[PDB]
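Below is one structure, written out as structure tokens; the observations come after it.
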4 protein chains.
Amino acid sequence: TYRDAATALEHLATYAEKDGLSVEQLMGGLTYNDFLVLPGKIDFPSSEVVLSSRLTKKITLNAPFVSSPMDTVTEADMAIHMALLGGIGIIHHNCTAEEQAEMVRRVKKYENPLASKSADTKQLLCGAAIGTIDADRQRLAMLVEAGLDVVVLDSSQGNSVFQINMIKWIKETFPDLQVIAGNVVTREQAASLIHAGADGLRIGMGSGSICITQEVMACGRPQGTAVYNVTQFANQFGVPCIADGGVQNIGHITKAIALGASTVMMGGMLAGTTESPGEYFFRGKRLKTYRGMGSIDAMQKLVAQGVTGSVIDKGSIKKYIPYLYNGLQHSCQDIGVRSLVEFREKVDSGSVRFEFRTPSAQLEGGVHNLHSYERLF
Amino acid sequence: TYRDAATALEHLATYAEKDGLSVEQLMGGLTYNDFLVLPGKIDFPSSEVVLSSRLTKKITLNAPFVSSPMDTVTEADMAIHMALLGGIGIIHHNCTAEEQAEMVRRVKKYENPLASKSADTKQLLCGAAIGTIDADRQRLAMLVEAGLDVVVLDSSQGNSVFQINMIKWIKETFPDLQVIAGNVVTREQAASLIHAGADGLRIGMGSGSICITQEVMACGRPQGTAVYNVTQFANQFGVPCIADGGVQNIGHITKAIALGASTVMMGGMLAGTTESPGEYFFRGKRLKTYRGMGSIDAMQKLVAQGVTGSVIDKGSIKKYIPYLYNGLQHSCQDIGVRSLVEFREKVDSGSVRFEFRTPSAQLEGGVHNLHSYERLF
Amino acid sequence: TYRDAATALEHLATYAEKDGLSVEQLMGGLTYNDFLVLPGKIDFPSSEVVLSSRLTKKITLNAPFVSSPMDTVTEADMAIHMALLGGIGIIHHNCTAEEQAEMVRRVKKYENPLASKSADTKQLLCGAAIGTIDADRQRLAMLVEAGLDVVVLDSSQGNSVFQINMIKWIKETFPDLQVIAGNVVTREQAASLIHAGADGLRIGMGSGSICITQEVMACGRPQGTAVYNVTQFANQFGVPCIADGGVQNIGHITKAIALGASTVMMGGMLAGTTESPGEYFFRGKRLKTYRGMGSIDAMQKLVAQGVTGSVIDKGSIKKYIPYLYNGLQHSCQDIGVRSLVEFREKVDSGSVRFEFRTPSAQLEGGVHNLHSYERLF
Amino acid sequence: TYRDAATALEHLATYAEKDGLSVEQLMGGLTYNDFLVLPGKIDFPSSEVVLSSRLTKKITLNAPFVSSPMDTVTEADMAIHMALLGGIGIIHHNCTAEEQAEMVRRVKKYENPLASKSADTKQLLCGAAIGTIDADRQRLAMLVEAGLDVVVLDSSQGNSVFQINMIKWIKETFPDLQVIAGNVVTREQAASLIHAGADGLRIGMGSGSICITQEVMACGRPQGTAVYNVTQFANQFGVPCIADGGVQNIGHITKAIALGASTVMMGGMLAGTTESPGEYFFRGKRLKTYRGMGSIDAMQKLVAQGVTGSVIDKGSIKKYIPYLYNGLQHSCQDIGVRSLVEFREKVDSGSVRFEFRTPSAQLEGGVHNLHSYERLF
Ligand SMILES: *c1nc2c(ncn2[C@@H]2O[C@H](COP(=O)(O)O)[C@@H](O)[C@H]2O)c(=O)[nH]1
Ligand SMILES: *c1nc2c(ncn2[C@@H]2O[C@H](COP(=O)(O)O)[C@@H](O)[C@H]2O)c(=O)[nH]1
Ligand SMILES: *c1nc2c(ncn2[C@@H]2O[C@H](COP(=O)(O)O)[C@@H](O)[C@H]2O)c(=O)[nH]1
Ligand SMILES: *c1nc2c(ncn2[C@@H]2O[C@H](COP(=O)(O)O)[C@@H](O)[C@H]2O)c(=O)[nH]1
């Protein structure tokens, strides 16, 4: 004797809980590739998915995409086009204060729908990174004069007295300026910098494609676990967090947001693009140099926390960011959420479900058992 | 002092339960390679093993083998020979409705023991895939006129309003037509499509050899876990499920069925065969193109959920399907079951036992510690 | 304030149990490489270690080494020299009954301390494999006439009516003949064949270096778990068990015995030796063919459960078996046991301790972080 | 409604415990790469970090670095420069007693801040290894006459009657001489040698880069677990322990100390340096031979417990040890500890937190997803 098909939806009530795991059940020491999001119910087109995201307490973007402050990723060209496509760029500071201020000016003075713009002047939004030593106070002053919208305090370990004092000084001196503090990977770190007055947090330590901090400092955290534990705390204070490092595809972006991130920062993915700094070279493939700011070369302009490498040409971000945007829309559709806001609410309520992945399951999830294969878009 | 050998069978009663794990104990997020079935008692020849399998509520096959609806796997030639060998083929729809209807006609009009045939006309059984948009209503009408026996609603995420409405429309318009809905990987998805009136379910998301949905959508499920959790629900309603994706050998077929699948769908395994579409080419090995329907090439005839690749020549299925058939018989024999029906009953009663496999155990289970090696059959 | 060194031994009493895990605590689905034995106390030289081992109820060897019944491992030459070095050889049956009987005769008629010899005639001990069909009754009769000491019922799944009847027939017809039944990997299998009257058991399914039974039959068990669970049962009846398959080094032998095996069977390790059948060939390395009896080539003299491969030349066993013997002595010394009998007693009492090994720990345990490396003995 | 940022630090009290795991919670069978230390609070410069370390009960070094007693690592040249840089060298004994005594004399007679020197004569500290057989009594006498400061009883399994008697003999004969016993990996081993009168312990079995003891003896322990369980016992008696083997980078040193080690011993890392014995050779890379003392070559001057290999040129330790020193300072800074003494106290109190690392997390922690990459310092 079999059950009547008409009672199929009702019979779900006989189960203790929904299939798969809630986020809390899921979250030891795992990262993005160690799990999946289970599909939900589709009753809308992907084009309907809204990807509006909080960068800081006062700044909201139309897309959760942020380009990393690295000298092989983000200068004026990257910051301009990232802003035009609904994200934002963080200009690096491996350069003179004069040079950095000039790059900010190029972004703010640029003229030509989802574009990231200031509410008042309708100029493109621009971010910039700085250190937390005394000399950077002057550097920031020059950046602010150039029209800086948001500053990122750049550090591998942001929970320091130096950064705390810098944050306090900025809020007091430049109250209209949004401050993103970091990097952090623990609840205690986040509380410290939130208490200091941070407008946003940057999450990650060692997860970068070119980073080896975990190998030389023995210090860091798996990215997935870091994002979850930090945001679970920080979101209670309305402090948006950037998931920074270890993002290589659309799936990582979805998972980063699922675990509590408001935006995601990318370095390696955008490194090979036309708009990134540095020239192309052949090896017979078209490559661009991509290096950690803690590498000997970058610091040269000593203990290295990063390495110098190369990545394949990815083409222009004018096609690559839309690919990520459309992809994330389709990802949200499969999960059954119409916005990142809804996605956040559904996850915390336990409606969105997750599943672990054994090493075998991970291999199964990718390409396998082929003689050869070639195309993301 | 040692125990008397005569009391050996009786002494088993002193143990709390049988050696190894029941299926429920076994079932986180694992797939086929993560476990094994423990051997049982052999008191019959392998030739006695019956492999009769339910494809849908009303359709039963002599073998649990289904060829996937892909343009590099199943057209008329594949569907004909699959049917002749006791399975069935699902004709792809990456073509005009006219072209697809012609391929169905070729199968139904073909003339020449275990063969899959309609009960009334004794014509070869034929399956076909369609989308769930309005234009497909017309396409299905043409397929039905050509003598279609079963339709597969083709989607990576089948739990949508569009597919639900399509299922309702088909049952109402073509009541004699069997409908397989999918793809699904969760209990909630299955309930939705069963409630809609599905005659069978297609299980899998991201597990395909050419699929990368898990990588770009962050959405899917390990195949083993998906089959178990879906069928544990669906079998209560007498809805047979196809285990689709990640099958590479006879062992995967056995495990798929063990975990609750009624039939298994194969794409990559049948791709390199003579009866599959596409021509052979040399690279110095004989290869055939095998590509996901979500690949840029297939869609071309945009976010790719599949990749284009190649597989080695496997020869004719006239020898390959019998190899799978005989192999599965021997597999059932080792386990100690005389049919797939008995296999299903024994597993759910806890008589058939399972065992996890550590990564070391998996390497041990395959070929290892040789300088070189060569032959499945 | 620190503790007095004089109280160091006494302070161990404050701990709930000894460091590491007992065997029961250790024993899911793991195999040899997944764990280690913890060192004990050395108060004796390695030369004092006795490696006497039970092959069957009535046969004891001076070394726990058995050569596998494969046509690329054991014929007369191997069986003779294995016996001379304190082990035993099992002659394969991929040949006519006449040919097999001749090989046994060569062993028993051979004339020239730890040597394995019959108690009465002082002839070298000899084993031989047979099938369990009717034709093998005649074959066994010819082997017995040639002076066979022990017969191995050769099968990948030994728990069958055919093997059970064969065992009953042999005990009744040739009461003086020792019977080793198998292969088995579960408690239920062992009870069945012990109840039938087996004098020893052969443990393993899929763990062989050339075996792929787990891949095609989905049936088998990780070797470590199989040895433990079978012997934990079988040893209660005084039935010695051979750990067959997956042995590649001295460490595997120690672990096999630790988990309850009385002897270990080797195929791949002895395949490349001078005394094995088959000629050497160059590829620029000296190799010998090594193949599973379930391979197409071996069966040829169809579903393959084994593959044909090659192994590097290992030299003569006149140097290789002493290497294993001395190595196992040193292994026992490190653990702090003076015999395999003591080793068995110490393990079951919980005195010998074990430790799991993460994948990282396994890599650490081998050679790592070198530019290159070369020598077992 | 969001929480007030001012209450961020106070809100931490609502959590049951600190983020991450205490060391006890962390500690199955894992090693260094299986975990990380979570970052703390920085309120000091790295230059302030003190790395003073106990080698034995009476000997303290300014740096926790010890060069291993291997004939491809430490002779007079290495021992001199290790001492000059605040560590110590252990001269190997794969040589005549006369030759070893001469090497010690070269170190003690050498003349030319953090340098490791005797308190009385201000001569460079020098260590030396010996065996535990009768002939070594004479050898030690010659070493002591040459001015030996500390002796290491060299063995893969130090818990033996021979070593116990040697320790007793040395304390009685040369009371002023510091004795390091080992190697050990269990609590029971440590208690035995502490009770015998050891002044320090050497931890490790099989973890060496050139060691294969675990593979051939089946005996050993994952290094991380060994260090923790041994030191948790030994530190109660004020017996410093050397973490010996498996150290490849600064991160391993930090973790070794975190788990309870007082100093770390390095062989492979220092093998390729200018000051190590053996000449350079090209293969087109500059290499030096590095081999285990249990290798056939080393023993030659038989069952091998080590292998012969090669490592890349690392340059002079005059630059490499400062790199490790500065790196470890920065590591301590990130964790938020001002000394190794504080680091030890903070870990045992549960203030320093840890995190597991899945295989995915480990890959993420290193370099990944690059076309190519190059520089530690
Ligand atoms: C450690 N972390 C470093 C370094 N340079 C940059 N970064 C960090 O990694 C992120 C990039 O990660 P991807 O996976 O490439 O996207 C950056 O945003 C930054 O957080 C370094 O040298 N050492
Ligand atoms: C995701 N899944 C895809 C795609 N093309 C086909 N398929 C799915 O995979 C199965 C084939 O799996 P194999 O392991 O090759 O046998 C198909 O039956 C279908 O379910 C794709 O582009 N993206
Ligand atoms: C499955 N098992 C097979 C086959 N030929 C031999 N054997 C089994 O494996 C053992 C050898 O294992 P090694 O790891 O090489 O020492 C044999 O003793 C036997 O039990 C086969 O074709 N399929
Ligand atoms: C086992 N252990 C051996 C052998 N030679 C040296 N050693 C051990 O390994 C340590 C070196 O480890 P690395 O990872 O290279 O730094 C030595 O200090 C010693 O404890 C051997 O032949 N077999």
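Note on naming: letters A, B, ... go to the chains in the order of the sequence lines (proteins, then strands), and numbering restarts at 1 for each one. These numbers come from the heavy atoms of this one structure, side chains and all, not from hydrogens, waters or symmetry mates.
Taking OG1 from B:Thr186 and CD from A:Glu355, the interatomic distance works out to 10.5 Å, rounded to the nearest 0.5 Å. Here A:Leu38 contributes atom CG and B:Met205 contributes atom CE; the two are 9.5 Å apart, rounded to the nearest 0.5 Å. How far NE2 of B:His252 is from CD of A:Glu364: 8.0 Å, rounded to the nearest 0.5 Å. From A:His371, atom NE2 reaches atom NZ of B:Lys288 across 16.0 Å, with rounding to the nearest 0.5 Å. Atom-to-atom distance recorded for A:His330:NE2 and B:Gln157:CD is 12.0 Å, nearest 0.5 angstrom. Considering CG of A:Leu12 and NE2 of B:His195, their distance stands at 10.5 Å, rounded to 0.5 Å.
Scanning all heavy atoms of the two residues, the minimum distance from A:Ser372 to B:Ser310 falls at OG-OG, 2.6 Å. The two residues A:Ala361 and B:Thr31 come nearest to each other via the heavy atoms N-CG2, 3.8 Å. Closest of all the heavy-atom pairs between A:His368 and B:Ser207 is NE2-O, 3.2 Å. The shortest non-hydrogen separation linking B:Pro222 to A:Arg357 is CG-CG, 4.3 Å. Heavy-atom minimum distance, B:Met217 versus A:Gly327: CE-O, 3.4 Å. Closest of all the heavy-atom pairs between B:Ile194 and A:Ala8 is CG2-CB, 4.0 Å.
Counting heavy atoms from C-beta on, the side chains of A:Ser360 and B:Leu30 never come closer than 4.5 Å. A heavy-atom distance below 4.5 Å is found between the side chains of A:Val367 and B:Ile212. Residues A:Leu370 and B:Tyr290 have side chains in contact (heavy-atom distance under 4.5 Å, counting atoms from C-beta outward). Contact of the A:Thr7 side chain with the B:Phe237 side chain is registered, since non-hydrogen atoms from C-beta on lie closer than 4.5 Å. Side-chain contact between B:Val216 and A:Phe377 is absent, with no heavy-atom pair separated by less than 4.5 Å.
Between A:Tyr15 and B:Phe233, the angle of the ring planes lies from 30° to 60°, which puts this pair in the tilted group.
Within a 6.0 Å sphere centred on CZ of B:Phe162, other residues, nucleotides and ligands contribute 12 heavy atoms or fewer.
Listed for the B:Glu188 side chain is a donor-acceptor partner under 3.5 Å among the backbone atoms of A:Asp19. At least one donor-acceptor pair closer than 3.5 Å links the side chain of B:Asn159 to the backbone N or O of A:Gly40.
For the set A:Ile335, A:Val37, A:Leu21, the entry with the most heavy-atom pairs within less than 4.5 Å of chain B is A:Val37. Of the residues considered (A:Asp43, A:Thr254, A:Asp334), A:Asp334 shows the highest number of contacts with chain B, using heavy-atom pairs under 4.5 Å. Looking only at heavy-atom pairs under 4.5 Å with chain A, the residue among B:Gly29, B:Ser156, B:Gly28 that has the most is B:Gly29.
Both the backbone and the side chain of B:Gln223 come within contact range of chain A, each with at least one heavy atom under 4.5 Å from a heavy atom of that chain.
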